Number of protein chains: 2
Amino acid sequence: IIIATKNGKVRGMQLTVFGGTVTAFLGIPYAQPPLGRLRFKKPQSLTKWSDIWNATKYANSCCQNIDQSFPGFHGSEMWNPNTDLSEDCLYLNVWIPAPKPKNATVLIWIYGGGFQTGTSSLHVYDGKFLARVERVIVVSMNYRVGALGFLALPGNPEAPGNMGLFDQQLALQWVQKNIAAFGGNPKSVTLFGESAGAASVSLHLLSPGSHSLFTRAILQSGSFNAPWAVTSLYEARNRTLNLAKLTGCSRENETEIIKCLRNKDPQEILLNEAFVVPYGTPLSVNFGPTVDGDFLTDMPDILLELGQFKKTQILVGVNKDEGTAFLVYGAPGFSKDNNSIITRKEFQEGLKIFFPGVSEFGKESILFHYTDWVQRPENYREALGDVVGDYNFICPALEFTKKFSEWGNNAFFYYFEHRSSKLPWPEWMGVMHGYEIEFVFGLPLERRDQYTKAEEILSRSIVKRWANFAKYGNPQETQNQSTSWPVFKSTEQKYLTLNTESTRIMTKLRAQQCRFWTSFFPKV
Amino acid sequence: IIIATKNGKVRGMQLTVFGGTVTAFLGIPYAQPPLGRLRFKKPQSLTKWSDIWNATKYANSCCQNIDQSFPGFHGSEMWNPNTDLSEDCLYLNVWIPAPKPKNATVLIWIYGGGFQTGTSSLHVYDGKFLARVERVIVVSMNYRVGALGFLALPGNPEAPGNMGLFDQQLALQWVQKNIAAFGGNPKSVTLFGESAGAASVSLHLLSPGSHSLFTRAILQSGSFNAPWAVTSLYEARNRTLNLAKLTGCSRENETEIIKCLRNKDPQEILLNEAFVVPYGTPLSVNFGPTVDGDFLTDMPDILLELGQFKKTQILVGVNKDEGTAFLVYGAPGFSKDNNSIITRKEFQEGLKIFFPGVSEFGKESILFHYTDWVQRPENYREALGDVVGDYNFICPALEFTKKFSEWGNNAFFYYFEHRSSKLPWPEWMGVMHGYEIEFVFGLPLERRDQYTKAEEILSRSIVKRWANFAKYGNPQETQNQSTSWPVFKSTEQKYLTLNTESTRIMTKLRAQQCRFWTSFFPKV
Ligand SMILES: *[C@@H]1O[C@H](CO[C@H]2O[C@@H](C)[C@@H](O)[C@@H](O)[C@@H]2O)[C@@H](O[C@@H]2O[C@H](CO)[C@@H](O)[C@H](O)[C@H]2NC(C)=O)[C@H](O)[C@H]1NC(C)=O
Ligand SMILES: *[C@@H]1O[C@H](CO[C@H]2O[C@@H](C)[C@@H](O)[C@@H](O)[C@@H]2O)[C@@H](O[C@@H]2O[C@H](CO)[C@@H](O)[C@H](O)[C@H]2NC(C)=O)[C@H](O)[C@H]1NC(C)=O
Ligand SMILES: *[C@@H]1O[C@H](CO)[C@@H](O[C@@H]2O[C@H](CO)[C@@H](O)[C@H](O)[C@H]2NC(C)=O)[C@H](O)[C@H]1NC(C)=O
Ligand SMILES: *[C@@H]1O[C@H](CO)[C@@H](O[C@@H]2O[C@H](CO)[C@@H](O)[C@H](O)[C@H]2NC(C)=O)[C@H](O)[C@H]1NC(C)=O
Ligand SMILES: *[C@@H]1O[C@H](CO)[C@@H](O)[C@H](O)[C@H]1NC(C)=O
Ligand SMILES: *[C@@H]1O[C@H](CO)[C@@H](O)[C@H](O)[C@H]1NC(C)=O
Ligand SMILES: *[C@@H]1O[C@H](CO)[C@@H](O)[C@H](O)[C@H]1NC(C)=O
Ligand SMILES: *[C@@H]1O[C@H](CO)[C@@H](O)[C@H](O)[C@H]1NC(C)=O
Ligand SMILES: *[C@@H]1O[C@H](CO)[C@@H](O)[C@H](O)[C@H]1NC(C)=O
Ligand SMILES: *[C@@H]1O[C@H](CO)[C@@H](O)[C@H](O)[C@H]1NC(C)=O
Ligand SMILES: [Cl-]
Ligand SMILES: [Cl-]
Ligand SMILES: [Cl-]
Ligand SMILES: [Cl-]
């Protein structure tokens, strides 16, 4: 099966899925390889080829450091790249239903990884189930991460910042230009992403250059107002300068720093990324989105507050235990291989790990809010995970949702509270960050895969809600006497819970905690 | 001029005021002298006399410690008793217009003094101007203060607690029974009081036994939810026991403690009051109102929250610099005789003076809220006064007013921001606690008295607003193109400013500060 695109012909492959067929185009190029003089620059448009480009396997993932904390452990290693790393990584994937759809709604996935890691080729991002079951087209792209994606010297087109966000945007344009040839509708495009991919989705809502490149947006565990999501101009300069220093690239002409940096081996850039900050945390985002005056015209908090964003429906959600994953990457007394009962003093040390440049009064105030017990051995263990999850993910998603909904548009908020029966991490970690993704992509619809029946049904329903959101702007499941998902409004603040037992309409998720993070904490 | 009362005849005296005449009955007894076996007991009803009781001078003030901090200084000494002290102090005063009114509205004054001091005979509480100018009747009473008024052993009728509040109540009853004989209307009775007298007024709103004894209420700089106004059952026991210890009255039968205490000289009781707490502040209320199960049936915060109070109009207000008066009674670096520029470290020490049993985190949180400057030498001096005024007076009055108004009734809130031209305290102390009182009582209407013309006019208007509140439930001045005083509602929270220049309608007095005291601080 060959499809003609604006730039040339591409050949896909056929896949058998659930007694049916999906056509996959894995590894289509969508920009000039950002090599040599192009390193650190905005992606450049691709020139046409003749002959048939073979899109029959996943392409290279972008250069990135890897999680080596737990070698041989599936819980961590499932997130590591499963394709060669290369600066030559600007590729995308298309999954289309078979037979070819006529005008299918398009779902475009943006992976997370803290803007430092990730790739579109992970097993948990495999778009074939969605294409099979919902007759949507799924698109996913690789975008540059780390310094190669986000090194910033404000205004300097040699290293303008946000390059990885421009990679995402050029791929959204590729879909606008090319997806009708695959039977897709460019006027019915939903972005969806998780963590940094969700924060990325939220920034496309703010970027004028992305306005016309999509219809609706889904934000899983992330948004651009999360404390890790946007690098200040101040931090970004300092970090670019530290990178320069660490690589023998300290200069006077700023364009001489970049020219020098362009001569370094990709691997020398990667090795030095960790150290550009004096004290990092497990949630460090050394190189991330900045206000560059191009993709992002002003501090995004100001844009959100004042209603300067694309007016459309949003679907937003978080997981019950967002913060737990992070505790075993540096918090004292924690371990994936025991129940991690910590003491008051370990808790206090843990705050120091997660809030390194925060005043002592700042830290005691967290302690004060989070240690008024209602004792129980796991009090402290549980509080630290909640601290981390509320501050970094839940309260920001909830605030993003209130502020966005205040300008008129329908918003839907979910609280995912199901722990995978296959989860390789311990029980105390609960409903972890990243672990709704496999339900969204329909992995439990595969009966061979060892999930329970209740999980198949949960996945089926979520897949239907996401597809209905995408096609119709309303994440209902209308056929099986399902709980109706109410609009989230800043007054009532209704949200839907997602779980195998009984799905509920509830109100004001984390009301007390978020008042602390959102109103008070930003003052310290 | 002789008037027959239920208990006997009383003779008054005539007074010349503003080219007219007022009749004064100064020193009418309203209960059995609470002496001997009656010490610490609820006031007992007075038995009739024959012959004419001479009410021609102020009676004894109740026993109390005196402010000796500034001998010969008018600023402090104007508040000290100006009549002999005696346990034989249960007397009241009546000022009536001449000629005798037909059915005049009645204004009943309850003095403050932290429930430890005060008397109805102060020059600033002289009811003759009000009687002359507004043709109201003014009543005022002495009530027991300190341990003699408020010593509590819950449930024990030898020392039940709240005796001074029962003194106030028996005097309200005396007015119900006797004021028609003076030309007054028992159905048109407004209580007004300042500081502890205002807190007392607010408790009469909660006490079922006071329900039928008045119509409306005015609260100047105080309410029962202020942090100093109600003694916990816990503190009260401890304090009664410490008093016992200090006087050689420690016993086993609790009624043996009281019997012993009844043998002590009044002066030995007074001397020991200060020490019943390990650490007091300048705002200490050693012996005050308790939940006694009689005057007060439950924790007053619960009563207010749940709407269990007399449904009527209230007029509530505070002064611009409530907290300053207190700083020269123990805060380091402060003095009435210099400009009291303190440093950060003095500020911190001052918090320790005012918040002695408060966690170190509690104190830094005050510091954090109050030291974000917009530097200026008087930053710290000003912040400490604001801390003290907001916490102790302004935020509680504002909260009382919101909560009361939420049950349907009209409430009016004022912010008194005029500094007396005659104020003997320094300028840095500004618009002090206690210094609206002389405007309310019309002292500036006396032209001989050295006040400015703008002050005469301000006093005239306030007197008219208070009298209109009392007579008609609406503190308007309707004749002189005055700013209309809007109802205070918990949404808009409109208040009127009182000053010589221009009177304003403003909103949400101390919004940021009170969120701190009212929502957050009670948690520490
Ligand atoms: C801006 O960067 C400086 C640079 O210091 C860094 O040098 C880099 C090459 C890298 O190795 C990095 O780890 C190292 O810290 C930071 O200055 C440092 O600040 C800390 C304060 O805790 C000191 O302990 C370091 O000694 C100090 N180094 C120097 C040379 O001054 C600085 O903290 C940073 N500022 C910002 C914006 O956070
Ligand atoms: C309840 O009262 C006790 C009694 O202690 C007091 O004895 C009184 C007669 C009087 O002189 C008073 O000043 C004295 O403090 C309090 O116990 C005291 O607590 C403080 C703690 O700061 C200690 O430093 C004292 O040594 C200690 N004394 C004794 C004998 O224990 C106690 O604080 C108080 N509790 C409450 C309810 O606040
Ligand atoms: C869980 O495992 C961790 C790591 O193995 C344990 O934390 C260690 O405990 C002891 C003393 O507290 C020390 O030898 C190490 O320094 C600790 N490591 C870290 C990173 O804190 C922890 O004790 C275990 N807890 C259990 C079994 O509850
Ligand atoms: C205002 O007066 C007070 C009291 O007289 C001064 O505070 C004193 O200052 C010195 C040193 O700071 C000490 O000798 C005393 O211990 C202080 N007394 C108290 C109670 O703090 C203060 O210095 C004066 N401040 C001025 C002129 O600004
Ligand atoms: C692409 O795939 C086709 C079909 O098998 C093959 O014949 C062709 O040679 C391929 N082109 C390459 C390897 O570049
Ligand atoms: C796809 O649907 C859109 C409306 O969203 C319509 O305007 C467009 O022409 C359609 N394209 C097809 C069926 O080719
Ligand atoms: C509706 O329920 C049926 C079973 O009665 C199931 O086969 C189907 O997958 C469900 N549809 C959705 C979208 O959940
Ligand atoms: C009360 O005053 C009257 C009038 O002057 C006087 O004649 C009478 O004796 C007085 N009674 C006393 C002093 O008890
Ligand atoms: C006083 O006015 C009241 C109404 O508040 C009325 O009921 C009462 O009879 C009046 N008493 C007089 C004029 O004696
Ligand atoms: C109204 O103003 C006049 C002067 O025109 C003044 O004499 C009078 O006291 C004022 N009345 C009140 C109640 O303020
Ligand atoms: Cl929960
Ligand atoms: Cl359901
Ligand atoms: Cl002010
Ligand atoms: Cl006016």
# chains A, B, ... in the order shown; residues from 1 in each chain; ligands from 1
>>> interface_residues(of="chain A", to="chain B", cutoff="10 Å", atoms="only C-alpha atoms", output="PyMOL selection string")
chain A and resi 360-362+364-365+368-369+372+516+520+523-524
>>> residues_near_ligand(ligand="ligand 6", cutoff="10 Å", atoms="only C-alpha atoms and all ligand atoms", output="list in words")
residues 101, 102, 103, 104, 105, 180, 181, 183, 184, 185, 186, 187, 188, 189 and 471 of chain A
>>> write_last_selection(atoms="C-alpha atoms", output="compact mmCIF listing (two decimals), in the first residue's frame")
# COMPACT_ATOMS: atom_id res chain seq x y z
CA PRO A 101 -11.20 5.59 6.06
CA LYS A 102 -12.94 8.37 4.12
CA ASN A 103 -12.52 11.40 6.44
CA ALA A 104 -11.33 9.95 9.78
CA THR A 105 -10.74 12.04 12.88
CA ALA A 180 -6.25 13.72 3.61
CA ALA A 181 -4.15 11.46 1.35
CA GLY A 183 -8.11 9.29 4.47
CA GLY A 184 -7.84 11.59 7.50
CA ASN A 185 -9.64 14.87 8.15
CA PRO A 186 -7.24 17.81 8.85
CA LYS A 187 -10.23 19.73 10.29
CA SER A 188 -10.79 17.04 13.00
CA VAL A 189 -7.42 16.79 14.78
CA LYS A 471 -14.62 13.28 16.99
>>> residues_around(residues="segment 329-332 of chain A", least_positions_apart="4", cutoff="9 Å", atoms="only C-alpha atoms", output="ChimeraX atom specification")
/A:69,281-282,325,342,346-347,349-354
>>> residues_near_ligand(ligand="ligand 7", cutoff="7 Å", atoms="only C-alpha atoms and all ligand atoms", output="MDAnalysis selection string")
chainID A and resid 457 460:461 464 477 479:480
>>> residues_near_ligand(ligand="ligand 5", cutoff="7 Å", atoms="only C-alpha atoms and all ligand atoms", output="list in words")
residues 52, 53 and 54 of chain A
>>> residues_near_ligand(ligand="ligand 1", cutoff="7 Å", atoms="only C-alpha atoms and all ligand atoms", output="VMD selection string")
chain A and resid 234 to 235 238 to 239 242 to 243 245 to 246 275 to 278
>>> atom_distance(atom1="atom CA of residue 76 of chain B", atom2="atom CA of residue 319 of chain B")
17.9 Å
>>> decode(residues="segment 181-328 of chain B", atoms="C-alpha atoms", output="short mmCIF file (atom, residue, chain, number, x, y, z; two decimals), in the first residue's frame")
data_model
loop_
_atom_site.label_atom_id
_atom_site.label_comp_id
_atom_site.auth_asym_id
_atom_site.auth_seq_id
_atom_site.Cartn_x
_atom_site.Cartn_y
_atom_site.Cartn_z
CA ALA B 181 -40.91 55.67 84.76
CA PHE B 182 -38.10 57.84 83.40
CA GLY B 183 -39.89 58.35 80.07
CA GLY B 184 -37.89 55.66 78.25
CA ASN B 185 -39.16 52.91 75.96
CA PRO B 186 -38.10 49.37 77.10
CA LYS B 187 -39.01 48.12 73.59
CA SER B 188 -36.41 50.46 71.96
CA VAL B 189 -33.12 49.57 73.72
CA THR B 190 -29.75 49.58 72.00
CA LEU B 191 -26.63 48.13 73.70
CA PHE B 192 -23.36 49.78 72.77
CA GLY B 193 -19.92 49.01 74.12
CA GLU B 194 -16.22 49.22 73.22
CA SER B 195 -13.54 46.48 73.22
CA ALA B 196 -14.51 44.06 76.06
CA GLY B 197 -17.72 46.04 76.33
CA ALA B 198 -18.28 45.28 72.58
CA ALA B 199 -17.38 41.63 73.13
CA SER B 200 -19.89 41.75 76.04
CA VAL B 201 -22.56 43.18 73.70
CA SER B 202 -21.85 40.36 71.22
CA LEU B 203 -22.35 37.71 73.99
CA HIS B 204 -25.72 39.21 74.96
CA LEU B 205 -26.70 38.51 71.30
CA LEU B 206 -25.89 34.86 72.05
CA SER B 207 -27.34 34.56 75.54
CA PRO B 208 -30.97 33.40 75.63
CA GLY B 209 -31.41 35.19 79.00
CA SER B 210 -30.60 38.51 77.32
CA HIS B 211 -32.82 38.01 74.19
CA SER B 212 -35.83 39.99 75.48
CA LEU B 213 -33.77 42.63 77.33
CA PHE B 214 -32.74 44.67 74.24
CA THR B 215 -33.60 45.53 70.61
CA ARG B 216 -30.35 46.27 68.67
CA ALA B 217 -26.53 46.24 69.24
CA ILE B 218 -23.46 48.37 68.41
CA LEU B 219 -19.97 46.85 68.62
CA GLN B 220 -17.00 49.21 68.79
CA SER B 221 -13.58 47.48 68.44
CA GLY B 222 -14.57 44.10 69.91
CA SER B 223 -16.60 40.90 69.53
CA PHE B 224 -16.68 37.53 71.31
CA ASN B 225 -14.56 35.77 68.59
CA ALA B 226 -11.55 37.96 69.20
CA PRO B 227 -8.66 35.80 70.53
CA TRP B 228 -8.69 37.54 73.96
CA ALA B 229 -12.45 37.44 74.61
CA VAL B 230 -13.35 33.97 75.87
CA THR B 231 -11.39 31.85 78.42
CA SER B 232 -11.36 28.10 77.71
CA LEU B 233 -12.69 25.77 80.45
CA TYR B 234 -9.13 24.37 80.49
CA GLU B 235 -7.41 27.75 81.12
CA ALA B 236 -10.12 28.85 83.59
CA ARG B 237 -9.64 25.82 85.93
CA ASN B 238 -5.88 26.22 85.83
CA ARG B 239 -6.17 29.92 86.60
CA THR B 240 -8.63 29.39 89.48
CA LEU B 241 -6.16 26.79 90.86
CA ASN B 242 -3.20 29.07 90.48
CA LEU B 243 -5.12 31.82 92.28
CA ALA B 244 -5.87 29.27 95.08
CA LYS B 245 -2.22 28.29 95.33
CA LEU B 246 -0.99 31.92 95.39
CA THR B 247 -3.37 32.79 98.23
CA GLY B 248 -2.92 29.72 100.48
CA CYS B 249 -6.32 28.53 99.35
CA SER B 250 -5.32 25.25 97.68
CA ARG B 251 -7.83 22.68 99.02
CA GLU B 252 -9.63 19.45 98.04
CA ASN B 253 -13.32 20.31 98.28
CA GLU B 254 -13.65 22.87 95.46
CA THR B 255 -16.27 24.67 97.52
CA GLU B 256 -13.57 24.87 100.22
CA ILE B 257 -11.34 26.76 97.75
CA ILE B 258 -14.10 29.31 97.17
CA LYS B 259 -14.96 29.63 100.90
CA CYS B 260 -11.27 30.21 101.59
CA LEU B 261 -11.03 32.78 98.68
CA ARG B 262 -14.03 34.60 100.15
CA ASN B 263 -11.96 35.33 103.26
CA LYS B 264 -9.13 36.97 101.39
CA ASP B 265 -8.93 40.77 101.26
CA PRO B 266 -10.10 42.06 97.83
CA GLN B 267 -6.62 43.53 97.53
CA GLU B 268 -4.96 40.11 97.94
CA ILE B 269 -7.12 38.70 95.17
CA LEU B 270 -6.10 41.61 92.85
CA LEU B 271 -2.37 41.35 93.58
CA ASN B 272 -2.40 37.67 92.59
CA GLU B 273 -4.45 37.92 89.31
CA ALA B 274 -1.47 38.83 87.11
CA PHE B 275 0.45 35.69 87.94
CA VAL B 276 -2.20 33.05 87.36
CA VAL B 277 -0.65 32.57 83.86
CA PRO B 278 3.04 31.67 83.32
CA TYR B 279 3.40 34.14 80.42
CA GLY B 280 0.94 36.99 79.82
CA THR B 281 0.90 39.61 77.07
CA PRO B 282 -0.26 43.28 77.14
CA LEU B 283 -3.60 41.84 75.89
CA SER B 284 -3.92 39.18 78.60
CA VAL B 285 -7.40 38.57 79.89
CA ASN B 286 -6.59 36.46 82.90
CA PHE B 287 -10.25 36.18 84.05
CA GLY B 288 -12.92 36.47 81.37
CA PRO B 289 -16.08 34.97 79.91
CA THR B 290 -16.31 31.18 79.90
CA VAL B 291 -18.75 28.64 78.56
CA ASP B 292 -20.59 28.26 81.87
CA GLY B 293 -23.71 26.36 80.65
CA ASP B 294 -25.84 29.26 81.93
CA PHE B 295 -25.11 32.67 80.32
CA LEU B 296 -23.27 30.83 77.56
CA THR B 297 -24.61 27.40 76.53
CA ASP B 298 -21.94 26.33 74.06
CA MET B 299 -18.70 27.52 72.51
CA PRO B 300 -19.70 30.87 71.05
CA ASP B 301 -17.94 30.18 67.73
CA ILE B 302 -20.39 27.29 67.24
CA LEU B 303 -23.40 29.49 68.08
CA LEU B 304 -22.29 32.17 65.56
CA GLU B 305 -21.50 29.67 62.79
CA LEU B 306 -24.90 27.95 63.17
CA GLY B 307 -27.07 31.01 63.55
CA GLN B 308 -28.00 30.67 67.20
CA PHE B 309 -28.27 34.32 68.24
CA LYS B 310 -30.76 37.14 68.43
CA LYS B 311 -31.92 38.17 64.93
CA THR B 312 -31.64 42.02 64.80
CA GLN B 313 -29.59 44.79 63.19
CA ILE B 314 -25.94 45.31 64.22
CA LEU B 315 -23.55 48.23 63.82
CA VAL B 316 -19.88 47.16 64.00
CA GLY B 317 -16.63 48.98 63.57
CA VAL B 318 -12.92 49.32 64.24
CA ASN B 319 -10.25 52.01 64.33
CA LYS B 320 -7.39 52.38 61.86
CA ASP B 321 -4.62 51.71 64.44
CA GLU B 322 -6.16 49.31 66.98
CA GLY B 323 -2.84 47.65 67.72
CA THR B 324 -0.48 50.56 68.50
CA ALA B 325 -1.58 51.27 72.16
CA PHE B 326 -0.34 47.83 73.15
CA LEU B 327 3.24 48.03 71.86
CA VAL B 328 4.47 50.40 74.60
#
